[PDB]
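Peer 1: Below is the structure I would like to discuss, written out as structure tokens.
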Amino acid sequence: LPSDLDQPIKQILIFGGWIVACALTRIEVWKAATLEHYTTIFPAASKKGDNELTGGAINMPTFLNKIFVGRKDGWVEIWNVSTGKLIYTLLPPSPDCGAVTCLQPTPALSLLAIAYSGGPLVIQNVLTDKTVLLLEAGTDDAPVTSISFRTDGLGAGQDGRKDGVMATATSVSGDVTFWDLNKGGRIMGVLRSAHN
Amino acid sequence: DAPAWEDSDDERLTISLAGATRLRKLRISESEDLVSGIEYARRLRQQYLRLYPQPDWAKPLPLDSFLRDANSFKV
Amino acid sequence: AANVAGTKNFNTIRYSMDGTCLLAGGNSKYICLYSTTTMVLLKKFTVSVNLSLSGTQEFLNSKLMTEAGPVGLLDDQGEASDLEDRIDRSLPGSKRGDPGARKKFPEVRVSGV
Amino acid sequence: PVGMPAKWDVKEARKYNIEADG
Amino acid sequence: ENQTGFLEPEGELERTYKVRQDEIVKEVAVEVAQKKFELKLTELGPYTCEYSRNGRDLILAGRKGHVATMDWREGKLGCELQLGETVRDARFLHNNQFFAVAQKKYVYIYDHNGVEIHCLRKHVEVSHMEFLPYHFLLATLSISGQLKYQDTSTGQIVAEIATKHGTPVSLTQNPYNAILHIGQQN
Amino acid sequence: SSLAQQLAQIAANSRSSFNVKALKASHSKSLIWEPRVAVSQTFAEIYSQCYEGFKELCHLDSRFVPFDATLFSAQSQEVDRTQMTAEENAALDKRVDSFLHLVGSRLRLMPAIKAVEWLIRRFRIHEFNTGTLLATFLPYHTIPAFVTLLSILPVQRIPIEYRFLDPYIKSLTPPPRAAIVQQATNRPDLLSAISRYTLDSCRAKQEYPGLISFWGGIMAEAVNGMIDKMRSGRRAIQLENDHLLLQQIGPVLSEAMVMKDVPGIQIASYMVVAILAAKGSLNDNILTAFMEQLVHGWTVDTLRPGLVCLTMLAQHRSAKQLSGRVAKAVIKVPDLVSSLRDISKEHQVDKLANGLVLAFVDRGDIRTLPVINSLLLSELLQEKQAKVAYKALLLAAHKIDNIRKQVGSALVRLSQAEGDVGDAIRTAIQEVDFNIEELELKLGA
């Protein structure tokens, strides 16, 4: 660990030859083949709050050396982790939704699912910066916190032979929610009280 | 559908395809050895499309918006 | 195992050298140690934990039941490298000893205490 | 009877190994 | 009438041994893609397959006793029986009517329903069997190295040969000469 | 018998015959001919008879001419379906489903039954396309041709949703609508399969009134029985049951309400919405969603049934006002008040008219005043609704910051109304305790 690390360390993410640790407002990146420290990503903000890296960072699968970080502001910033360079930022749609609660890569290529604290799930082309779907998936008191996609190839469309199912859960509830993403992204079922 | 951001590092990166055994399967001929980062990412995209093809959702009405709105299923 | 009659009796009993406690053992896994005055079972023992013997647990598990009977019942002598191990010189229906003596998974019984 | 689930067996699925995005 | 099947690699990088069975099943016709199945029988020994010589019915025998006879295209089983003791080799006879199973001591020949017609007591500890199809001889190698040819039609053993050296490790049968290539341990 | 179970699944999943008796039985299964004749029939005799049938069908309707080239071809005499690959079999399945959607309307006729007999005896549609064939014969479940199809169907080839038909295959009688409706209320899969078949036909515009009336009746009775099952009395269970009913229904009704080109399926979906809004005690936001989609969806052909279903939807709501776009398209309705009197002869339009007047008054537009005046002098509202509507109109007149000229003209006409509505309006003036003559001389001067 670096000497000047006085923060808890929220998540770890291993890809390429790099392991990447999103702490709270800071990313420490090691090289995995030698397990050595490489550099440190410092996102910057104008306000005190908006620097905070809630959500996390994730990789897109066919994207070379790029992590996708979510901020306390609605921004999802792409960072090239080789040269340590902020390469793009993508802004929240309808900016009343405030904080990026999570983000997950779809099984489609270069489409990321960003889930904001104001409620919307968006799935966006991350090189076109163009929204593919917009879903009011959460209450403002119950923000969507974990999302995951079914990579099977079937399970939607009221017959079960069409793909595109996404489960999601909020931390304040105990019920998961399944979406069929095909026509506009309708809901298909809610598994209630999966846990307490 | 033009790409909004462009990376300047993928032009400079170069990668040997015949050296690694995992990257061996994504060359075109039995001559391609040293590949730049853009063509490497292109072959990597082709191979991801080989493993999982692009689903048909990746390619308004009031009741449909009511169904896709998750504030309506509350207890 | 609750309905097996035959392992529910005491084949042999011996008093203590004090004379205050019987000890009782039959064709079963348990040795009982009774009191001869207060008539209560002071302590029960289990003779063997060994599952290579046959009657040491009262609830056999259904993993060992194939569609051809139990798995510890198929004759596996033919998968032996040596002829003197492959030969079955056993007599049909010999409960008390034969020199053939297949003796695969013998019963648990306390024949003397 | 029909509509009953069968036993569970792990379906073999080819995944994109992410150690090559480097 | 028919044509011989094949597969040939198109490109210069593609090679024939890297072709997956899912790719074959996707590219091939459906009446022959039906025949790619898998039987999951776990608890009764390693299994031993033998087809009839027209390929109608196959017999598969486990090591711990489970011998079954099925018509594998039509999916019906003609017979299934458990037999207790070990099973060295199972073999169809001239038809799919009779088969012959090598038990822990003898061989036994059975009818189509699995009802045991008889056991052959001269053939003790048979480890390998081969049925000559045009002669009606059933040739059995014991573990002792003795090779007995039993005429199946009339029921008398033709020639008990004693292979003078060692237990035999393998046995096959030339389909052109009907001579037996047995393969020793030296 | 795990091996017998695996082999039973293999034998049920197998498709091509492999012994001579199996080939003779599978060739013997026919619609028209008895089995003793249908065993000994080559594919030239069947093609001659059934091509005479297809010539009659192609002279009846025009759109069978691609199937003249692909399905009923002289080369299609010889094609074995079990020898082609998976993509050839899938494209043949698409062609067969398109022909069955096309031929479902004329299926009582002997030409169409001869064409279906060609598909059955050559391509083995009763084994390879059992879902679409059974669904396209389901609206004719009272006829001997359905009895014969039920006779020749394989048992294990039927889908799981249509496995109520097994006693009607064991005893060759046509199944009743009570059996189909009861299995539709019990299984969501059968209702989803019927609705998916008719919507997949109606998107290709191959609808017919028999199919539309069939689907409308069975979804109406199935939603009826489904509500009577979903009712529980416990609050959380009835909430979850209303949610499960909407998740099982919503795609079908959300498409069949705004299918503009097929007014029959639009009216049938209106019937299902009327049953769902009357009998099932639903929520106000769900009912505004239904009303907004109906309002987006109607045509001139379904305007008066749409208004009947709108009266029921607005009547069974707990809120008092309509949500905007409903009132906008009812502004766009041509003869609102006369149509509402023709409906209120049988249907109690009062809450719809009250919500309409309130939603018009909440607009600051002044092109709604003839509609507000007609709805007030209509004698459709009650006395209390008329009083609170006039009070809201004068409050809007106090809230406005021309506009006031038309407002005062409407107010003096409503005050000088003739009958019981004018009595209640002047009583509303007396209980709001504000003078007529102030705004009267203010607008007259």
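Residues in the structure tokens are named by chain (A, B, ... in the order shown) and by number from 1 within that chain; ligands are numbered from 1 in the order shown.
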Please provide as number ranges by chain all residues within 7 Å of residue 78 of chain E, with the sequence filter that same-chain residues fewer than 6 positions apart are discarded (counting only C-alpha atoms).

Peer 2: E: 69-71, 112-113

Peer 1: Let me see the file: selected residues, N, CA, C and O atoms, as an mmCIF file, in the first residue's frame.

Peer 2:
data_model
loop_
_atom_site.group_PDB
_atom_site.id
_atom_site.type_symbol
_atom_site.label_atom_id
_atom_site.label_comp_id
_atom_site.auth_asym_id
_atom_site.auth_seq_id
_atom_site.Cartn_x
_atom_site.Cartn_y
_atom_site.Cartn_z
ATOM 1 N N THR E 69 -29.340 -53.732 -23.119
ATOM 2 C CA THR E 69 -29.417 -53.938 -24.556
ATOM 3 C C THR E 69 -30.507 -53.030 -25.084
ATOM 4 O O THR E 69 -31.671 -53.163 -24.687
ATOM 5 N N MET E 70 -30.136 -52.107 -25.965
ATOM 6 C CA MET E 70 -31.055 -51.076 -26.406
ATOM 7 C C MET E 70 -30.995 -50.950 -27.915
ATOM 8 O O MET E 70 -30.022 -51.345 -28.553
ATOM 9 N N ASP E 71 -32.068 -50.416 -28.479
ATOM 10 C CA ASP E 71 -32.114 -49.998 -29.876
ATOM 11 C C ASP E 71 -31.918 -48.490 -29.844
ATOM 12 O O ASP E 71 -32.865 -47.736 -29.617
ATOM 13 N N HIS E 112 -33.325 -62.379 -26.246
ATOM 14 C CA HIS E 112 -33.618 -60.974 -26.508
ATOM 15 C C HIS E 112 -34.260 -60.292 -25.312
ATOM 16 O O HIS E 112 -34.044 -59.097 -25.095
ATOM 17 N N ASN E 113 -35.055 -61.022 -24.535
ATOM 18 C CA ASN E 113 -35.688 -60.464 -23.352
ATOM 19 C C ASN E 113 -34.769 -60.446 -22.148
ATOM 20 O O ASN E 113 -35.165 -59.938 -21.097
#

Peer 1: Please list as a list in words every residue within 7 Å of segment 159-172 of chain A, counting only C-alpha atoms and excluding residues in the same chain fewer than 6 positions away.

Peer 2: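 Near segment 159-172 of chain A, the qualifying residues are residues 142, 143, 144, 145, 146, 147, 148, 149, 150, 153, 178, 179, 180, 181 and 182 of chain A; 55 and 57 of chain B.
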
Peer 1: Mind dumping a table of every segment 43-129 of chain A residue within 12 Å of segment 9-17 of chain D, with the nearest atom pair and its distance in Å to one decimal, using only C-alpha atoms, sorted by chain and rising number, as a Markdown table?

Peer 2:
| residue | atom | partner | partner_atom | distance |
| --- | --- | --- | --- | --- |
| A:60 | CA | D:16 | CA | 11.4 |
| A:61 | CA | D:16 | CA | 7.8 |
| A:62 | CA | D:16 | CA | 9.3 |
| A:107 | CA | D:16 | CA | 10.3 |
| A:109 | CA | D:16 | CA | 11.7 |

Peer 1: Please, which residues of chain B lie no more than 7 Å from chain A when the count uses only C-alpha atoms, and can they be set out as a ChimeraX atom specification?

Peer 2: /B:1-5,41,44-45,54-55,57-58,67-71

Peer 1: I'd like the interatomic distance between atom CA of residue 39 of chain E and atom CA of residue 63 of chain E, to a tenth of an Å.

Peer 2: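 It comes out at 15.7 Å.
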
Peer 1: Write out as a VMD selection string the residues lying within 9 Å of residue 11 of chain C, counting only C-alpha atoms and excluding same-chain residues fewer than 3 positions away.

Peer 2: chain C and resid 24 to 27 110 to 112

Peer 1: Please dump the current selection as an mmCIF file, in the first residue's frame; keep C-alpha atoms.

Peer 2:
data_model
loop_
_atom_site.group_PDB
_atom_site.id
_atom_site.type_symbol
_atom_site.label_atom_id
_atom_site.label_comp_id
_atom_site.auth_asym_id
_atom_site.auth_seq_id
_atom_site.Cartn_x
_atom_site.Cartn_y
_atom_site.Cartn_z
ATOM 1 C CA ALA C 24 -25.365 -56.929 29.335
ATOM 2 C CA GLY C 25 -24.465 -57.537 25.718
ATOM 3 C CA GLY C 26 -26.194 -59.253 22.829
ATOM 4 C CA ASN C 27 -26.010 -59.373 19.037
ATOM 5 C CA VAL C 110 -20.741 -58.991 21.522
ATOM 6 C CA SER C 111 -20.437 -62.712 22.128
ATOM 7 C CA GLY C 112 -18.960 -62.503 25.613
#

Peer 1: Do me a favour and pick out the residues of chain D within 8 Å of chain A, using only C-alpha atoms, as number ranges by chain.

Peer 2: D: 16, 18-22

Peer 1: Show me which bits of chain C are within 6 Å of chain E, counting only C-alpha atoms, as a VMD selection string.

Peer 2: chain C and resid 74 to 75 78

Peer 1: Extract the full set of strand (DSSP E or B) residues from chain B according to DSSP on the backbone, and format it as an MDAnalysis selection string.

Peer 2: chainID B and resid 14:16 34:36

Peer 1: Write out as number ranges by chain every residue belonging to chain E that has an atom at most 10 Å from any atom of chain F, counting only C-alpha atoms.

Peer 2: E: 25-35, 37-41, 56, 68, 70-77, 79-80

Peer 1: Write out, as an mmCIF file, in the first residue's frame, the residues just selected, with N, CA, C and O atoms.

Peer 2:
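result-v2.cif, written as the output of this step:
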data_model
loop_
_atom_site.group_PDB
_atom_site.id
_atom_site.type_symbol
_atom_site.label_atom_id
_atom_site.label_comp_id
_atom_site.auth_asym_id
_atom_site.auth_seq_id
_atom_site.Cartn_x
_atom_site.Cartn_y
_atom_site.Cartn_z
ATOM 1 N N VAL E 25 -23.022 -30.381 -34.815
ATOM 2 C CA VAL E 25 -24.457 -30.575 -34.627
ATOM 3 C C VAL E 25 -25.249 -29.423 -35.238
ATOM 4 O O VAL E 25 -26.326 -29.629 -35.811
ATOM 5 N N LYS E 26 -24.700 -28.207 -35.198
ATOM 6 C CA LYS E 26 -25.364 -27.095 -35.871
ATOM 7 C C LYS E 26 -25.291 -27.216 -37.387
ATOM 8 O O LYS E 26 -26.249 -26.861 -38.078
ATOM 9 N N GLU E 27 -24.181 -27.715 -37.925
ATOM 10 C CA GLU E 27 -24.026 -27.732 -39.373
ATOM 11 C C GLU E 27 -24.594 -28.979 -40.035
ATOM 12 O O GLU E 27 -24.676 -29.024 -41.265
ATOM 13 N N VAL E 28 -24.987 -29.992 -39.266
ATOM 14 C CA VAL E 28 -25.346 -31.278 -39.854
ATOM 15 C C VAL E 28 -26.865 -31.437 -39.854
ATOM 16 O O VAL E 28 -27.574 -30.653 -39.218
ATOM 17 N N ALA E 29 -27.376 -32.435 -40.577
ATOM 18 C CA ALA E 29 -28.810 -32.666 -40.674
ATOM 19 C C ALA E 29 -29.368 -33.166 -39.347
ATOM 20 O O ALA E 29 -28.639 -33.612 -38.463
ATOM 21 N N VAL E 30 -30.691 -33.102 -39.217
ATOM 22 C CA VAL E 30 -31.314 -33.324 -37.918
ATOM 23 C C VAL E 30 -31.508 -34.806 -37.593
ATOM 24 O O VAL E 30 -31.365 -35.196 -36.423
ATOM 25 N N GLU E 31 -31.737 -35.658 -38.597
ATOM 26 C CA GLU E 31 -31.877 -37.089 -38.339
ATOM 27 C C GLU E 31 -30.569 -37.735 -37.919
ATOM 28 O O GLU E 31 -30.592 -38.830 -37.351
ATOM 29 N N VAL E 32 -29.432 -37.096 -38.191
ATOM 30 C CA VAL E 32 -28.148 -37.582 -37.712
ATOM 31 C C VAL E 32 -27.637 -36.740 -36.551
ATOM 32 O O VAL E 32 -26.767 -37.202 -35.798
ATOM 33 N N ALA E 33 -28.193 -35.551 -36.338
ATOM 34 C CA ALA E 33 -27.896 -34.814 -35.120
ATOM 35 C C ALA E 33 -28.670 -35.341 -33.926
ATOM 36 O O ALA E 33 -28.327 -35.008 -32.789
ATOM 37 N N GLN E 34 -29.717 -36.129 -34.159
ATOM 38 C CA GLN E 34 -30.400 -36.823 -33.079
ATOM 39 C C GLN E 34 -29.545 -37.885 -32.416
ATOM 40 O O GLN E 34 -29.757 -38.174 -31.237
ATOM 41 N N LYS E 35 -28.605 -38.482 -33.138
ATOM 42 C CA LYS E 35 -27.862 -39.627 -32.639
ATOM 43 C C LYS E 35 -26.737 -39.243 -31.696
ATOM 44 O O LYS E 35 -26.100 -40.128 -31.124
ATOM 45 N N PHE E 37 -26.101 -38.399 -28.459
ATOM 46 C CA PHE E 37 -26.662 -38.345 -27.119
ATOM 47 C C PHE E 37 -25.574 -38.639 -26.105
ATOM 48 O O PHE E 37 -24.390 -38.709 -26.430
ATOM 49 N N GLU E 38 -25.995 -38.795 -24.858
ATOM 50 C CA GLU E 38 -25.111 -39.171 -23.772
ATOM 51 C C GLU E 38 -25.938 -39.807 -22.671
ATOM 52 O O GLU E 38 -26.894 -39.206 -22.177
ATOM 53 N N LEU E 39 -25.571 -41.023 -22.299
ATOM 54 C CA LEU E 39 -26.205 -41.745 -21.211
ATOM 55 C C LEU E 39 -25.393 -41.523 -19.945
ATOM 56 O O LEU E 39 -24.170 -41.672 -19.954
ATOM 57 N N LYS E 40 -26.061 -41.151 -18.867
ATOM 58 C CA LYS E 40 -25.389 -40.806 -17.619
ATOM 59 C C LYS E 40 -25.698 -41.886 -16.592
ATOM 60 O O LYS E 40 -26.686 -41.795 -15.859
ATOM 61 N N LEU E 41 -24.849 -42.908 -16.551
ATOM 62 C CA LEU E 41 -24.964 -44.035 -15.630
ATOM 63 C C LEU E 41 -23.686 -44.054 -14.805
ATOM 64 O O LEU E 41 -22.624 -44.413 -15.314
ATOM 65 N N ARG E 56 -28.034 -51.841 -35.402
ATOM 66 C CA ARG E 56 -29.376 -51.624 -34.886
ATOM 67 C C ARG E 56 -29.353 -51.468 -33.377
ATOM 68 O O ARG E 56 -29.712 -50.417 -32.845
ATOM 69 N N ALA E 68 -27.133 -53.872 -20.284
ATOM 70 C CA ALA E 68 -28.346 -53.428 -20.949
ATOM 71 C C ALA E 68 -28.207 -53.541 -22.454
ATOM 72 O O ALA E 68 -27.106 -53.427 -22.998
ATOM 73 N N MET E 70 -30.136 -52.107 -25.965
ATOM 74 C CA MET E 70 -31.055 -51.076 -26.406
ATOM 75 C C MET E 70 -30.995 -50.950 -27.915
ATOM 76 O O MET E 70 -30.022 -51.345 -28.553
ATOM 77 N N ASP E 71 -32.068 -50.416 -28.479
ATOM 78 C CA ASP E 71 -32.114 -49.998 -29.876
ATOM 79 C C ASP E 71 -31.918 -48.490 -29.844
ATOM 80 O O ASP E 71 -32.865 -47.736 -29.617
ATOM 81 N N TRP E 72 -30.686 -48.051 -30.075
ATOM 82 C CA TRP E 72 -30.276 -46.719 -29.659
ATOM 83 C C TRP E 72 -30.783 -45.608 -30.564
ATOM 84 O O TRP E 72 -30.747 -44.443 -30.159
ATOM 85 N N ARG E 73 -31.247 -45.919 -31.770
ATOM 86 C CA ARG E 73 -31.859 -44.878 -32.585
ATOM 87 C C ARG E 73 -33.320 -44.697 -32.209
ATOM 88 O O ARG E 73 -33.771 -43.580 -31.936
ATOM 89 N N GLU E 74 -34.071 -45.798 -32.163
ATOM 90 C CA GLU E 74 -35.473 -45.743 -31.779
ATOM 91 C C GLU E 74 -35.657 -45.516 -30.290
ATOM 92 O O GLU E 74 -36.787 -45.297 -29.847
ATOM 93 N N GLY E 75 -34.589 -45.588 -29.508
ATOM 94 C CA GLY E 75 -34.621 -45.189 -28.124
ATOM 95 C C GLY E 75 -35.278 -46.154 -27.173
ATOM 96 O O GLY E 75 -35.453 -45.812 -26.003
ATOM 97 N N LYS E 76 -35.656 -47.340 -27.619
ATOM 98 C CA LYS E 76 -36.266 -48.322 -26.738
ATOM 99 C C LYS E 76 -35.189 -49.293 -26.288
ATOM 100 O O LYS E 76 -34.216 -49.521 -27.010
ATOM 101 N N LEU E 77 -35.333 -49.822 -25.083
ATOM 102 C CA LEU E 77 -34.387 -50.816 -24.609
ATOM 103 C C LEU E 77 -35.030 -52.190 -24.681
ATOM 104 O O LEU E 77 -36.182 -52.376 -24.276
ATOM 105 N N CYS E 79 -33.658 -54.874 -23.287
ATOM 106 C CA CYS E 79 -33.379 -55.615 -22.068
ATOM 107 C C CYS E 79 -32.517 -54.788 -21.132
ATOM 108 O O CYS E 79 -31.728 -53.963 -21.582
ATOM 109 N N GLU E 80 -32.658 -55.035 -19.837
ATOM 110 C CA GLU E 80 -31.766 -54.442 -18.846
ATOM 111 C C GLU E 80 -31.769 -55.360 -17.645
ATOM 112 O O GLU E 80 -32.840 -55.696 -17.137
#

Peer 1: So how far away is atom CA of residue 15 of chain B from atom CA of residue 35 of chain B, in Å?

Peer 2: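 If I compute the distance from atom CA of residue 35 of chain B to atom CA of residue 15 of chain B, I get 5.3 Å.
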
Peer 1: Quick one: which residues from chain B are at most 9 Å off chain F, using only C-alpha atoms, as a compact mmCIF listing (two decimals) with N, CA and C atoms, in the first residue's frame?

Peer 2:
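The file below, part_37.txt, is the result:
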# COMPACT_ATOMS: atom_id res chain seq x y z
N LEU B 61 -45.58 4.83 -25.14
CA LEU B 61 -46.92 4.41 -24.77
C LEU B 61 -47.14 4.56 -23.27
N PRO B 62 -48.35 4.95 -22.85
CA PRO B 62 -48.59 5.17 -21.42
C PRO B 62 -48.59 3.90 -20.59
N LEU B 63 -49.24 2.84 -21.06
CA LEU B 63 -49.27 1.61 -20.27
C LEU B 63 -47.92 0.90 -20.31
N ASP B 64 -47.19 1.02 -21.42
CA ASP B 64 -45.84 0.47 -21.46
C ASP B 64 -44.89 1.22 -20.53
N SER B 65 -45.02 2.55 -20.46
CA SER B 65 -44.25 3.30 -19.48
C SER B 65 -44.68 2.98 -18.06
N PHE B 66 -45.96 2.68 -17.85
CA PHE B 66 -46.43 2.26 -16.53
C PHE B 66 -45.83 0.92 -16.13
N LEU B 67 -45.70 0.00 -17.08
CA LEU B 67 -45.08 -1.28 -16.78
C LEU B 67 -43.59 -1.14 -16.52
N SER B 72 -44.46 1.78 -9.48
CA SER B 72 -45.86 1.37 -9.46
C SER B 72 -46.04 0.06 -8.71
N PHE B 73 -44.98 -0.72 -8.57
CA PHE B 73 -45.05 -1.98 -7.84
C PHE B 73 -44.48 -1.78 -6.43
N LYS B 74 -45.29 -1.14 -5.60
CA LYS B 74 -44.93 -0.83 -4.23
C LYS B 74 -45.86 -1.54 -3.26
N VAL B 75 -45.36 -1.80 -2.06
CA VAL B 75 -46.15 -2.46 -1.03
C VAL B 75 -46.23 -1.59 0.22

Peer 1: Please report as a PDB file with N, CA, C and O atoms, in the first residue's frame which residues of chain E come no farther than 10 Å from chain B, using only C-alpha atoms.

Peer 2:
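So result.pdb came out as:
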ATOM      1  N   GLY E  11     -10.262 -22.184 -44.538  1.00  0.00           N
ATOM      2  CA  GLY E  11      -9.155 -21.253 -44.496  1.00  0.00           C
ATOM      3  C   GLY E  11      -7.823 -21.932 -44.257  1.00  0.00           C
ATOM      4  O   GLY E  11      -7.721 -23.149 -44.137  1.00  0.00           O
ATOM      5  N   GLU E  12      -6.771 -21.115 -44.201  1.00  0.00           N
ATOM      6  CA  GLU E  12      -5.439 -21.647 -43.942  1.00  0.00           C
ATOM      7  C   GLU E  12      -5.118 -21.736 -42.460  1.00  0.00           C
ATOM      8  O   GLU E  12      -4.212 -22.483 -42.080  1.00  0.00           O
ATOM      9  N   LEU E  13      -5.829 -20.989 -41.621  1.00  0.00           N
ATOM     10  CA  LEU E  13      -5.642 -21.063 -40.181  1.00  0.00           C
ATOM     11  C   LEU E  13      -6.537 -22.110 -39.538  1.00  0.00           C
ATOM     12  O   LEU E  13      -6.153 -22.711 -38.529  1.00  0.00           O
ATOM     13  N   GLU E  14      -7.715 -22.343 -40.108  1.00  0.00           N
ATOM     14  CA  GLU E  14      -8.643 -23.320 -39.565  1.00  0.00           C
ATOM     15  C   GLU E  14      -8.121 -24.733 -39.775  1.00  0.00           C
ATOM     16  O   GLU E  14      -7.656 -25.084 -40.861  1.00  0.00           O
TER      17      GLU E  14
END

Peer 1: Where does chain C meet chain F within 12 Å, residue by residue, with the nearest atom pair and distance in Å to one decimal for each, counting only C-alpha atoms, listed by chain and rising number, as a Markdown table?

Peer 2:
| residue | atom | partner | partner_atom | distance |
| --- | --- | --- | --- | --- |
| C:66 | CA | F:1 | CA | 10.6 |
| C:67 | CA | F:1 | CA | 7.5 |
| C:68 | CA | F:1 | CA | 10.3 |

Peer 1: Please, what distance in Å, to one decimal, runs between atom CA of residue 56 of chain F and atom CA of residue 113 of chain F?

Peer 2: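 Result for atom CA of residue 56 of chain F versus atom CA of residue 113 of chain F: 11.2 Å, one decimal.
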
Peer 1: With a distance cut-off of 12 Å and only C-alpha atoms, select the neighbouring residues of residue 45 of chain F, excluding the residue or stretch itself and same-chain residues fewer than 6 positions from it, and output the selection as an MDAnalysis selection string.

Peer 2: chainID F and resid 33 37:38 51:52 77 118 121:122

Peer 1: Rank nothing, just name the residue among B:56, B:49, B:33, B:40 nearest to residue 11 of chain B, using only C-alpha atoms.

Peer 2: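 Using only C-alpha atoms, the shortest distance to residue 11 of chain B belongs to B:40.
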